[PDB]
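Undergrad: My questions all concern the structure below.
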Amino acid sequence: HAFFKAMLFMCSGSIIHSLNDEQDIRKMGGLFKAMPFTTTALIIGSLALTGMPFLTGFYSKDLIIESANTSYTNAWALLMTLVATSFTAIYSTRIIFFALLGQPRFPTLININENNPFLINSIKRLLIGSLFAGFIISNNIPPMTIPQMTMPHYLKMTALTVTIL
Amino acid sequence: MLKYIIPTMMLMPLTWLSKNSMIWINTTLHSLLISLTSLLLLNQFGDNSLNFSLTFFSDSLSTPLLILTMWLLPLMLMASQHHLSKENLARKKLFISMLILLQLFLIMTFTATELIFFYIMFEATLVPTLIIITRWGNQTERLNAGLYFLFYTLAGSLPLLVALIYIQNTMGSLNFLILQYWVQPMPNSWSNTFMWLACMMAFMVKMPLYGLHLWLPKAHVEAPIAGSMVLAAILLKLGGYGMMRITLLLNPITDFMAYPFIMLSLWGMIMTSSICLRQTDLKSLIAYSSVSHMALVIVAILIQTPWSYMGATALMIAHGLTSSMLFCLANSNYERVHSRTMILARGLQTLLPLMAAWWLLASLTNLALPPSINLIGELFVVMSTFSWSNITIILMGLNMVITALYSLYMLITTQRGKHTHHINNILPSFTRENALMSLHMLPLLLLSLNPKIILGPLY
Amino acid sequence: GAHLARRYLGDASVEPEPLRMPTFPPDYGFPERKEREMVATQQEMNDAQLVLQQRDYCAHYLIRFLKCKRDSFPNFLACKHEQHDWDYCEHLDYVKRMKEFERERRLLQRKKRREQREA
Amino acid sequence: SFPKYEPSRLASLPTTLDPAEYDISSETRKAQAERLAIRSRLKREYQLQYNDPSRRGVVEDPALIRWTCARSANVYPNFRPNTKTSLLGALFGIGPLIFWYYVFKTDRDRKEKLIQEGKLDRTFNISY
Amino acid sequence: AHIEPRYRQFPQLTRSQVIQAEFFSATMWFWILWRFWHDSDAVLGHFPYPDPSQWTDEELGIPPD
Amino acid sequence: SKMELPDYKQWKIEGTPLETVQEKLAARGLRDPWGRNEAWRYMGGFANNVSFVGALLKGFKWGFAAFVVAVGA
Amino acid sequence: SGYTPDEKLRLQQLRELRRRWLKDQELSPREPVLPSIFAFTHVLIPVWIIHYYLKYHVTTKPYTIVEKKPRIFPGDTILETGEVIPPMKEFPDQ
Amino acid sequence: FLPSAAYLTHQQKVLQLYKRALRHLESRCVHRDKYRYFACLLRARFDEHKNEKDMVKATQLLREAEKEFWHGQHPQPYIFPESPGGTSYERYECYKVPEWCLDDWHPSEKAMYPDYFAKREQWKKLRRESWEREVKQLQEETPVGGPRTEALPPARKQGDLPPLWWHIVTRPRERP
Amino acid sequence: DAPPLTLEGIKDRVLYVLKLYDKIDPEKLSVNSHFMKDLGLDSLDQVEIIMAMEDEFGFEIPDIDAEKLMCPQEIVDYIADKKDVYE
């Protein structure tokens with residue numbers, strides 16, 4: 001989560017400073033191919049959200065819903081986490097569609113500029129940490145719990161099912 | 001100790017037999033050398049207090065407060081110019097010598113074995129402070145302020161004398177040790193109830209508690225900076241010192257008879273932190289901050305835990321330093337703009353730029369900054385009162401929330417957002433002001449490093 | 001599942017209420033079958049610093065995996081199949097717990113309905 | 001086409017649907033004319049005492065001073081202790097105090113009874 | 001040197017930023033594929049999750065009549 | 001300095017959502033919108049701006065091949 | 001409904017004064033104002049001071065820094081004196 | 001409630017309702033061209049009875065217009081990042097130092113910047129030169145005893161600057 | 001964040017986006033030529049013009065100042081007061 005949203009905020013605020021302090025979803029329309037380093041960055045963030053299988057964002061959320069689904073829980077809480085997984089999928093889809101993949105609404109006299117070694121260094125190295133380093137962490141953790149790992153059908157598939165729907 | 005008293009005597013004719021434009025340096029240098037020789041006192045160890053010249057002895061209830069007085073004197077001696085530089089030579093010298101005599105009766109009060117000697121030097125602490133605030137108050141209700149001041153402090157503290165004399169001729173002498181080592185437990189008839197209520201009511205007047213507290217804020221906001229700082233820090237923490245001394249008697253009844261003052265103290269703590277949330281007149285907020293802290297101190301003394309006494313004396317010393325400093329910042333803002341109200345002097349982040357650092361630092365020490373001495377005192381008071389009862393922590397934490405809230409309101413309303421751009425008389429900040437900021441916030445951080453000096457004799 | 005649905009919608013009888021699992025006596029549908037090997041060697045278990053709620057069955061496999069994972073650290077993906085075997089053994093342990101629950105379920109079902117039919 | 005937007009103590013009624021800004025009478029426009037005259041004269045004297053190059057101190061705003069003397073110390077004259085004032089006073093002062101007195105007596109009597117039983121959980125309870 | 005702002009037209013780009021962007025998208029998709037094919041097959045059940053335990057009456061034993 | 005300002009007689013609406021919405025508004029019966037202020041928003045380096053699935057398609061155009069390279073390796 | 005000529009004129013003279021003020025505000029008098037050592041210090045000097053701090057004074061403090069022990073195995077021996085543990089027993093039923 | 005007029009007229013009020021509804025339809029409607037469609041539909045609704053002069057039926061329609069505006073307004077209006085409530089709303093009010101100051105400096109640091117302070121001296125001489133007579137006489141001769149407006153007349157009389165210009169000419173750059 | 005602004009460049013941009021809007025003529029459209037008095041288009045489309053300038057330059061102009069623009073030169077006056085467009 002830390003690597004994830006550091007990368008996401010840094011990319012989005014870069015876009016904000018590139019496009020004149022507006023920061024709002026409207027009047028921010030068309031940005032894909034307006035240099036796609038940051039649009040690549042933002043959609044890598046939003047696909048690491050909900051855990052595309054199986055990436056840095058996979059491990060945390062998906063082992064959480066597995067171990068929560070296979071325990072003596074409250075029978076409202078698991079349903080709430082499930083529905084909120086669907087909801088985090090849908091607003092991440094909204095931030096993609098309105099920010100980067102729309103017909104261009106933003107005011108003219110445009111000064112789109114990202115010829116910066118600093119920012120390409122920062123975005124570069126944080127997507128590096130957001131593609132491999134989740135596996136570098138999650139691989140050799142000292143195992144300090146007992147994994148469940150024996151799920152039925154429609155309880156390990158439920159993660160990908162909810163995110164796709 | 002007598003080597004700490006007699007040069008304060010000889011420091012008094014200094015200002016008299018020094019000529020004009022030369023008195024200032026002399027008084028500053030010599031009172032600071034007295035402050036070094038003051039800090040040389042700290043010999044206290046282990047088993048006993050250090051007792052000599054039979055009237056005199058030092059606990060660690062008395063050593064840190066005594067060093068606090070003998071260090072807060074020259075700070076104040078420097079602090080109180082620019083508002084009487086244009087006054088005359090005679091009244092200037094009289095002001096300075098009156099402060100010195102005030103210091104002398106303060107140290108006589110803090111090293112008092114005999115409690116009658118304590119009471120005499122107590123009202124001797126009273127009598128010059130009225131003359132200071134009433135002659136140089138620089139407002140229009142200062143007269144009524146001094147009048148209320150003296151009648152509250154006397155008429156509360158008057159029957160304390162009769163009770164102490166009754167103790168003197170029903171038991172024997174009033175050495176504090178022979179008050180100790182001999183104290184018989186006194187039962188719960190009604191005369192013992194009145195005697196306890198007499199002594200405790202006198203010092204309840206002095207702290208103040210909640211029901212007798214409008215004594216203070218008029219006397220704070222209508223005073224010069226010297227009288228305001230000595231008044232707040234040294235007088236209220238002197239009242240606490242005296243209560244810490246006299247509570248050693250009448251132990252087996254104060255459990256039965258000391259309930260309702262706890263309730264008055266806590267509900268007054270919440271009401272005081274709420275009344276200083278919404279006032280104008282920036283000067284008054286620090287007075288009500290002082291009333292909040294002293295109500296917490298009174299809770300700490302009515303419970304009888306060593307945790308409570310260590311937190312009590314730490315809270316005393318820390319809030320003396322903090323409230324004295326923040327009074328000095330209030331005086332600096334008022335001498336920038338002759339207003340005394342609050343909302344007129346907005347802005348002041350841009351202009352007077354590093355004044356903001358000292359507002360930040362003083363207000364966070366009021367906030368209970370997370371290693372600060374203020375936090376240490378309030379924390380151990382909260383621990384001890386939770387051991388007293390498991391339900392009191394709501395009022396303590398609600399006090400903490402509102403204390404942080406009015407501290408932050410004072411920070412971001414007086415000194416945040418917009419210069420009102422019709423002002424054009426505020427200068428850059430002088431070196432004297434930043435010197436006083438430094439002289440306030442070096443000892444608080446040094447005590448934040450090694451604080452085991454100043455905790456109570458129940459160590 | 002559907003057993004959860006039956007336990008909340010239909011009768012509350014035929015589903016045994018959980019975390020009070022042994023109600024039928026042991027060695028009753030067993031007769032004369034218990035070995036329970038448990039070859040973790042309890043002394044070496046406690047001399048190893050495994051956590052509570054890990055001092056469990058199949059723990060020798062975990063000891064093997066900790067041996068290879070200590071002995072080959074900068075090998076990043078060497079130790080696979082030992083932890084795979086530990087996963088498989090605890091899969092069988094979960095299967096055994098499922099067998100216990102459905103044994104108790106079918107005992108309660110068939111026993112109590114035979115009894116409350118003919119009584 | 002709306003539920004007509006009731007106000008409250010907080011939800012202030014905006015200037016659109018007053019509907020008092022529709023039946024404009026004579027004294028309404030006379031009041032707006034005199035109100036602009038008041039704001040005009042006050043800004044005139046303000047801008048006179050605001051653009052002076054000889055001006056040193058603050059512009060010495062009288063209305064803030066007046067409100068300060070109002071809120072601070074002109075509370076007490078006038079005041080007569082009426083039924084409303086005294087009843088609300090004895091409620092807001094003594095009420096919560098006597099409430100906290102009862103709850104503290106309750107907890108202290110429970111604690112003294114429980115430790116007089118002998119079975120307080122003082123397994124180690126050192127820092128009292 | 002550096003770029004210039006133009007008015008109501010699509011601004012030009014350096015080839016370097018677009019080759020890093022395409023490079024990072026490709027490294028993502030290559031990682032998720034090589035991680036998906038070469039090893040696992042991870043989102044599936046990893047085990048034959050059985051039926052109800054054996055569906056065998058009186059194996060595990062039910063001795064009522 | 002200057003801006004050099006790509007000027008008028010160039011926008012000339014033709015962009016199919018604005019053209020069809022002027023058709024719909026003509027069928028309504030006004031036939032006078034604002035107009036051609038947004039042809040830069042609807043033609044040029046825009047205009048077959050990609051739909052939603054395409055930025056997620058943007059991986060395998062240089063990634064499937066490297067995957068097959070690592071498979072054959 | 002719009003301007004009155006007093007507003008127009010007063011506007012114009014304030015435009016001219018704003019011109020002259022802001023054009024005065026850009027100074028350029030052609031002289032406006034006029035009046036691995038890092039790796040060495042930051043990975044050796046606090047390292048030297050702290051390892052001087054972590055042997056002597058802090059080990060004269062008695063219940064100072066304490067390790068949590070490494071976890072031995074039945075297939076382990078001991079580096080210290082050298083004494084072995086009998087290995088783990090039979091595996092079976094895998 | 002406005003500087004020059006004592007009150008706003010009804011045509012002005014209808015116009016401000018128009019601008020508010022149009023702004024909130026911008027905020028409501030993405031993609032900007034269906035926005036353009038709905039905006040001309042709204043302009044058609046104001047074309048439906050634009051040419052009527054029953055003033056009492058006009059204000060009846062204005063009341064129902066305020067009702068139909070409040071029924072379907074938008075919760076967070078798209079306000080620009082210098083507007084009231086906006087994303088900046090005097091962001092750099094931090095960096096807006098007034099210009100009565102800057103002269104409480106030190107003469108060494110004053111001698112570091114020669115020409116700007118020489119030109120500032122002649123600005124201040126321009127201020128004190130024509131402050132008293134022309135400005136004060138035009139403000140104590142041409143106004144009435146009750147001023148009854150706030151727009152001050154320019155110095156059309158003879159010479160120097162129009163009256164009371166110091167803190168209005170000398171405002172900062174709003175982006176330093 | 002570096003937008004450069006000047007007088008004649010923004011005069012060009014205001015005049016350009018008045019030329020692009022359709023129902024005026026591009027023939028008699030001077031730099032200082034009126035809106036209501038000579039072009040003849042009414043109040044409502046004038047405030048749509050004001051909406052266009054606000055939607056282009058990134059700041060609202062108020063309704064107290066919206067009464068009194070009436071020609072492009074006074075528009076360039078008010079915008080140059082807004083962004084302080086001089087050297």
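Residue numbering restarts at 1 in every chain; chains get A, B, ... in the order shown in the structure tokens, and ligands count up from 1 in that same order.
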Could you pull out the alpha helix (DSSP H) residues of stretch 13-63 of chain I from DSSP and send them as a PDB file with N, CA, C and O atoms, in the first residue's frame?

TA:
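New file selection-v7.pdb:
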ATOM      1  N   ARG I  13      -5.400  36.965 -28.628  1.00  0.00           N
ATOM      2  CA  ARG I  13      -6.190  35.792 -28.254  1.00  0.00           C
ATOM      3  C   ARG I  13      -7.650  36.141 -27.993  1.00  0.00           C
ATOM      4  O   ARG I  13      -8.543  35.385 -28.395  1.00  0.00           O
ATOM      5  N   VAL I  14      -7.912  37.286 -27.359  1.00  0.00           N
ATOM      6  CA  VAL I  14      -9.292  37.720 -27.153  1.00  0.00           C
ATOM      7  C   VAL I  14      -9.966  38.005 -28.482  1.00  0.00           C
ATOM      8  O   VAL I  14     -11.091  37.549 -28.733  1.00  0.00           O
ATOM      9  N   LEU I  15      -9.273  38.726 -29.370  1.00  0.00           N
ATOM     10  CA  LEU I  15      -9.823  39.035 -30.680  1.00  0.00           C
ATOM     11  C   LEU I  15     -10.018  37.776 -31.510  1.00  0.00           C
ATOM     12  O   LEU I  15     -10.994  37.672 -32.263  1.00  0.00           O
ATOM     13  N   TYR I  16      -9.159  36.781 -31.308  1.00  0.00           N
ATOM     14  CA  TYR I  16      -9.259  35.528 -32.035  1.00  0.00           C
ATOM     15  C   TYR I  16     -10.478  34.729 -31.607  1.00  0.00           C
ATOM     16  O   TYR I  16     -11.245  34.251 -32.449  1.00  0.00           O
ATOM     17  N   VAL I  17     -10.689  34.585 -30.301  1.00  0.00           N
ATOM     18  CA  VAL I  17     -11.866  33.832 -29.879  1.00  0.00           C
ATOM     19  C   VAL I  17     -13.150  34.634 -29.948  1.00  0.00           C
ATOM     20  O   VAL I  17     -14.224  34.069 -29.721  1.00  0.00           O
ATOM     21  N   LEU I  18     -13.084  35.929 -30.230  1.00  0.00           N
ATOM     22  CA  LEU I  18     -14.311  36.569 -30.678  1.00  0.00           C
ATOM     23  C   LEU I  18     -14.539  36.348 -32.155  1.00  0.00           C
ATOM     24  O   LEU I  18     -15.690  36.253 -32.589  1.00  0.00           O
ATOM     25  N   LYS I  19     -13.467  36.248 -32.933  1.00  0.00           N
ATOM     26  CA  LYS I  19     -13.630  35.979 -34.351  1.00  0.00           C
ATOM     27  C   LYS I  19     -14.139  34.567 -34.598  1.00  0.00           C
ATOM     28  O   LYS I  19     -14.860  34.331 -35.572  1.00  0.00           O
ATOM     29  N   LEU I  20     -13.806  33.626 -33.717  1.00  0.00           N
ATOM     30  CA  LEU I  20     -14.195  32.242 -33.954  1.00  0.00           C
ATOM     31  C   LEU I  20     -15.675  32.019 -33.685  1.00  0.00           C
ATOM     32  O   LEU I  20     -16.300  31.171 -34.330  1.00  0.00           O
ATOM     33  N   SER I  43     -28.010  41.026 -24.772  1.00  0.00           N
ATOM     34  CA  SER I  43     -27.326  40.893 -23.492  1.00  0.00           C
ATOM     35  C   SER I  43     -26.950  39.448 -23.203  1.00  0.00           C
ATOM     36  O   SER I  43     -25.876  39.169 -22.653  1.00  0.00           O
ATOM     37  N   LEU I  44     -27.824  38.522 -23.579  1.00  0.00           N
ATOM     38  CA  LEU I  44     -27.696  37.138 -23.151  1.00  0.00           C
ATOM     39  C   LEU I  44     -26.514  36.470 -23.841  1.00  0.00           C
ATOM     40  O   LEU I  44     -25.689  35.806 -23.196  1.00  0.00           O
ATOM     41  N   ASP I  45     -26.379  36.696 -25.142  1.00  0.00           N
ATOM     42  CA  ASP I  45     -25.236  36.158 -25.857  1.00  0.00           C
ATOM     43  C   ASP I  45     -23.951  36.901 -25.506  1.00  0.00           C
ATOM     44  O   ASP I  45     -22.867  36.318 -25.602  1.00  0.00           O
ATOM     45  N   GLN I  46     -24.058  38.153 -25.050  1.00  0.00           N
ATOM     46  CA  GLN I  46     -22.905  38.861 -24.497  1.00  0.00           C
ATOM     47  C   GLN I  46     -22.382  38.177 -23.240  1.00  0.00           C
ATOM     48  O   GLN I  46     -21.167  38.056 -23.041  1.00  0.00           O
ATOM     49  N   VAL I  47     -23.281  37.703 -22.384  1.00  0.00           N
ATOM     50  CA  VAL I  47     -22.805  37.002 -21.200  1.00  0.00           C
ATOM     51  C   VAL I  47     -22.330  35.595 -21.542  1.00  0.00           C
ATOM     52  O   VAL I  47     -21.443  35.062 -20.864  1.00  0.00           O
ATOM     53  N   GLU I  48     -22.831  35.011 -22.626  1.00  0.00           N
ATOM     54  CA  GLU I  48     -22.193  33.801 -23.141  1.00  0.00           C
ATOM     55  C   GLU I  48     -20.774  34.071 -23.648  1.00  0.00           C
ATOM     56  O   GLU I  48     -19.891  33.215 -23.508  1.00  0.00           O
ATOM     57  N   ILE I  49     -20.531  35.258 -24.208  1.00  0.00           N
ATOM     58  CA  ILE I  49     -19.173  35.657 -24.587  1.00  0.00           C
ATOM     59  C   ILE I  49     -18.272  35.766 -23.361  1.00  0.00           C
ATOM     60  O   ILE I  49     -17.124  35.289 -23.360  1.00  0.00           O
ATOM     61  N   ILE I  50     -18.782  36.397 -22.303  1.00  0.00           N
ATOM     62  CA  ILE I  50     -18.042  36.506 -21.045  1.00  0.00           C
ATOM     63  C   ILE I  50     -17.741  35.128 -20.469  1.00  0.00           C
ATOM     64  O   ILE I  50     -16.644  34.874 -19.948  1.00  0.00           O
ATOM     65  N   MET I  51     -18.695  34.206 -20.612  1.00  0.00           N
ATOM     66  CA  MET I  51     -18.479  32.814 -20.246  1.00  0.00           C
ATOM     67  C   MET I  51     -17.352  32.191 -21.052  1.00  0.00           C
ATOM     68  O   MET I  51     -16.561  31.407 -20.517  1.00  0.00           O
ATOM     69  N   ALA I  52     -17.253  32.541 -22.334  1.00  0.00           N
ATOM     70  CA  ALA I  52     -16.183  31.987 -23.160  1.00  0.00           C
ATOM     71  C   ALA I  52     -14.818  32.481 -22.711  1.00  0.00           C
ATOM     72  O   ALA I  52     -13.863  31.697 -22.653  1.00  0.00           O
ATOM     73  N   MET I  53     -14.711  33.768 -22.368  1.00  0.00           N
ATOM     74  CA  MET I  53     -13.416  34.270 -21.901  1.00  0.00           C
ATOM     75  C   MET I  53     -13.030  33.668 -20.557  1.00  0.00           C
ATOM     76  O   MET I  53     -11.848  33.374 -20.322  1.00  0.00           O
ATOM     77  N   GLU I  54     -14.008  33.475 -19.664  1.00  0.00           N
ATOM     78  CA  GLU I  54     -13.722  32.809 -18.395  1.00  0.00           C
ATOM     79  C   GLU I  54     -13.303  31.367 -18.601  1.00  0.00           C
ATOM     80  O   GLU I  54     -12.357  30.892 -17.968  1.00  0.00           O
ATOM     81  N   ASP I  55     -13.991  30.656 -19.493  1.00  0.00           N
ATOM     82  CA  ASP I  55     -13.636  29.276 -19.769  1.00  0.00           C
ATOM     83  C   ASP I  55     -12.331  29.167 -20.535  1.00  0.00           C
ATOM     84  O   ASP I  55     -11.762  28.075 -20.612  1.00  0.00           O
ATOM     85  N   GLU I  56     -11.848  30.263 -21.106  1.00  0.00           N
ATOM     86  CA  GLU I  56     -10.546  30.173 -21.739  1.00  0.00           C
ATOM     87  C   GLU I  56      -9.398  30.521 -20.800  1.00  0.00           C
ATOM     88  O   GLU I  56      -8.372  29.835 -20.809  1.00  0.00           O
ATOM     89  N   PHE I  57      -9.526  31.562 -19.983  1.00  0.00           N
ATOM     90  CA  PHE I  57      -8.341  32.074 -19.308  1.00  0.00           C
ATOM     91  C   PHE I  57      -8.205  31.620 -17.860  1.00  0.00           C
ATOM     92  O   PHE I  57      -7.245  32.015 -17.196  1.00  0.00           O
TER      93      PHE I  57
END

Undergrad: Would you give me, as JSON lines, each residue of chain F having an atom within 8 Å of an atom of chain A, along with its shortest atom pair and that distance in Å to one decimal, using only C-alpha atoms and sorting by chain and residue number?

TA:
{"residue": "F:41", "atom": "CA", "partner": "A:104", "partner_atom": "CA", "distance": 5.7}
{"residue": "F:42", "atom": "CA", "partner": "A:103", "partner_atom": "CA", "distance": 7.3}
{"residue": "F:46", "atom": "CA", "partner": "A:103", "partner_atom": "CA", "distance": 7.5}
{"residue": "F:47", "atom": "CA", "partner": "A:103", "partner_atom": "CA", "distance": 7.8}
{"residue": "F:49", "atom": "CA", "partner": "A:103", "partner_atom": "CA", "distance": 6.8}
{"residue": "F:50", "atom": "CA", "partner": "A:101", "partner_atom": "CA", "distance": 6.7}
{"residue": "F:51", "atom": "CA", "partner": "A:101", "partner_atom": "CA", "distance": 6.6}
{"residue": "F:52", "atom": "CA", "partner": "A:101", "partner_atom": "CA", "distance": 6.3}
{"residue": "F:55", "atom": "CA", "partner": "A:101", "partner_atom": "CA", "distance": 7.9}

Undergrad: With only C-alpha atoms considered, list every residue of chain C at most 12 Å from chain A, as a PyMOL selection string.

TA: chain C and resi 1+4-5+8+18-19+49-59+62+65-66+69-70+72-80+83-84+86-95+97-98

Undergrad: Just to be explicit: take each residue in the selection above, keep N, CA and C atoms, and write the result as a short mmCIF file (atom, residue, chain, number, x, y, z; two decimals), in the first residue's frame.

TA:
data_model
loop_
_atom_site.label_atom_id
_atom_site.label_comp_id
_atom_site.auth_asym_id
_atom_site.auth_seq_id
_atom_site.Cartn_x
_atom_site.Cartn_y
_atom_site.Cartn_z
N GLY C 1 -21.71 -21.61 1.86
CA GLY C 1 -22.14 -22.96 1.53
C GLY C 1 -23.64 -23.12 1.63
N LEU C 4 -24.60 -23.92 5.88
CA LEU C 4 -24.79 -22.69 6.63
C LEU C 4 -26.20 -22.15 6.40
N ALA C 5 -26.67 -22.26 5.16
CA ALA C 5 -28.01 -21.83 4.81
C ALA C 5 -29.07 -22.69 5.49
N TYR C 8 -29.22 -21.80 9.26
CA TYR C 8 -29.93 -20.58 9.62
C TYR C 8 -31.37 -20.52 9.13
N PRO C 18 -21.11 -25.11 16.07
CA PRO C 18 -19.66 -25.26 15.99
C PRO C 18 -18.98 -24.94 17.30
N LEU C 19 -17.66 -25.17 17.31
CA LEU C 19 -16.72 -24.95 18.42
C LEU C 19 -17.13 -25.66 19.71
N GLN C 49 12.39 -22.27 18.06
CA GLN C 49 11.60 -21.13 18.51
C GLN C 49 10.41 -20.90 17.58
N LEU C 50 9.61 -21.94 17.40
CA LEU C 50 8.38 -21.76 16.66
C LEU C 50 7.33 -21.10 17.53
N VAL C 51 6.42 -20.41 16.88
CA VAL C 51 5.39 -19.64 17.56
C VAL C 51 4.33 -20.60 18.09
N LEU C 52 3.63 -20.19 19.14
CA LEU C 52 2.37 -20.82 19.49
C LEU C 52 1.40 -20.69 18.33
N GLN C 53 0.48 -21.65 18.24
CA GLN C 53 -0.41 -21.90 17.10
C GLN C 53 0.36 -22.19 15.82
N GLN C 54 1.63 -22.57 15.96
CA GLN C 54 2.40 -23.16 14.90
C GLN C 54 3.03 -24.47 15.33
N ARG C 55 3.01 -24.78 16.63
CA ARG C 55 3.52 -26.03 17.15
C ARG C 55 2.56 -27.16 16.83
N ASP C 56 2.36 -27.43 15.55
CA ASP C 56 1.18 -28.11 15.06
C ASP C 56 1.57 -29.43 14.44
N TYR C 57 0.61 -30.07 13.78
CA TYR C 57 0.93 -31.25 13.02
C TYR C 57 1.76 -30.86 11.79
N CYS C 58 2.47 -31.85 11.26
CA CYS C 58 3.35 -31.76 10.09
C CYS C 58 4.53 -30.81 10.31
N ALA C 59 4.87 -30.50 11.57
CA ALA C 59 5.83 -29.44 11.87
C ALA C 59 7.26 -29.82 11.52
N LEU C 62 8.00 -28.25 8.32
CA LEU C 62 8.34 -26.86 8.56
C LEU C 62 9.78 -26.73 9.02
N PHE C 65 11.94 -27.05 6.01
CA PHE C 65 11.91 -25.84 5.21
C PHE C 65 12.72 -24.73 5.86
N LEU C 66 12.68 -24.64 7.19
CA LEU C 66 13.51 -23.66 7.88
C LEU C 66 14.98 -24.00 7.78
N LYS C 69 15.94 -22.96 4.26
CA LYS C 69 15.81 -21.53 4.07
C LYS C 69 16.88 -20.78 4.85
N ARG C 70 17.34 -21.35 5.96
CA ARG C 70 18.52 -20.80 6.62
C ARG C 70 19.76 -21.08 5.79
N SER C 72 20.24 -21.78 2.63
CA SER C 72 20.33 -21.20 1.29
C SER C 72 19.48 -19.94 1.28
N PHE C 73 20.04 -18.86 1.79
CA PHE C 73 19.32 -17.60 1.79
C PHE C 73 19.38 -16.83 0.47
N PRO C 74 20.55 -16.47 -0.09
CA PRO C 74 20.51 -15.62 -1.29
C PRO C 74 20.05 -16.37 -2.53
N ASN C 75 20.01 -17.70 -2.49
CA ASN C 75 19.17 -18.45 -3.42
C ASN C 75 17.74 -18.00 -3.23
N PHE C 76 17.20 -17.38 -4.26
CA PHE C 76 15.95 -16.65 -4.14
C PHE C 76 14.74 -17.55 -4.28
N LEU C 77 14.81 -18.54 -5.16
CA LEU C 77 13.72 -19.49 -5.36
C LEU C 77 14.26 -20.91 -5.42
N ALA C 78 15.10 -21.27 -4.46
CA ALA C 78 15.52 -22.66 -4.34
C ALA C 78 14.50 -23.48 -3.55
N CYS C 79 14.23 -23.07 -2.31
CA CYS C 79 13.34 -23.83 -1.44
C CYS C 79 11.89 -23.72 -1.86
N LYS C 80 11.45 -24.65 -2.71
CA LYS C 80 10.07 -24.72 -3.14
C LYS C 80 9.36 -25.93 -2.57
N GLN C 83 8.29 -26.64 1.28
CA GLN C 83 7.14 -25.85 1.71
C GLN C 83 5.90 -26.27 0.95
N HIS C 84 6.07 -26.72 -0.30
CA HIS C 84 4.98 -27.36 -1.04
C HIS C 84 4.47 -28.61 -0.32
N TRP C 86 4.76 -29.18 2.91
CA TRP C 86 4.11 -28.72 4.12
C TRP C 86 2.70 -28.22 3.83
N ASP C 87 2.53 -27.55 2.69
CA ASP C 87 1.20 -27.17 2.23
C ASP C 87 0.33 -28.38 1.99
N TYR C 88 0.90 -29.43 1.40
CA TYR C 88 0.12 -30.62 1.09
C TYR C 88 -0.28 -31.36 2.37
N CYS C 89 0.62 -31.40 3.35
CA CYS C 89 0.31 -32.09 4.60
C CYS C 89 -0.74 -31.33 5.38
N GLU C 90 -0.68 -30.01 5.37
CA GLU C 90 -1.73 -29.26 6.05
C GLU C 90 -3.03 -29.25 5.27
N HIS C 91 -2.97 -29.43 3.95
CA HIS C 91 -4.19 -29.71 3.19
C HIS C 91 -4.85 -30.98 3.68
N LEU C 92 -4.05 -32.04 3.87
CA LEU C 92 -4.58 -33.28 4.41
C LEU C 92 -5.09 -33.10 5.83
N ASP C 93 -4.47 -32.20 6.59
CA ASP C 93 -4.93 -31.91 7.94
C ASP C 93 -6.30 -31.23 7.92
N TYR C 94 -6.49 -30.30 6.98
CA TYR C 94 -7.80 -29.70 6.81
C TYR C 94 -8.83 -30.73 6.36
N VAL C 95 -8.42 -31.67 5.50
CA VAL C 95 -9.32 -32.72 5.06
C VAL C 95 -9.75 -33.57 6.24
N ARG C 97 -9.97 -32.57 9.34
CA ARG C 97 -10.92 -31.81 10.15
C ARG C 97 -12.30 -31.78 9.51
N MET C 98 -12.35 -31.70 8.18
CA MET C 98 -13.62 -31.78 7.47
C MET C 98 -14.28 -33.14 7.68
#
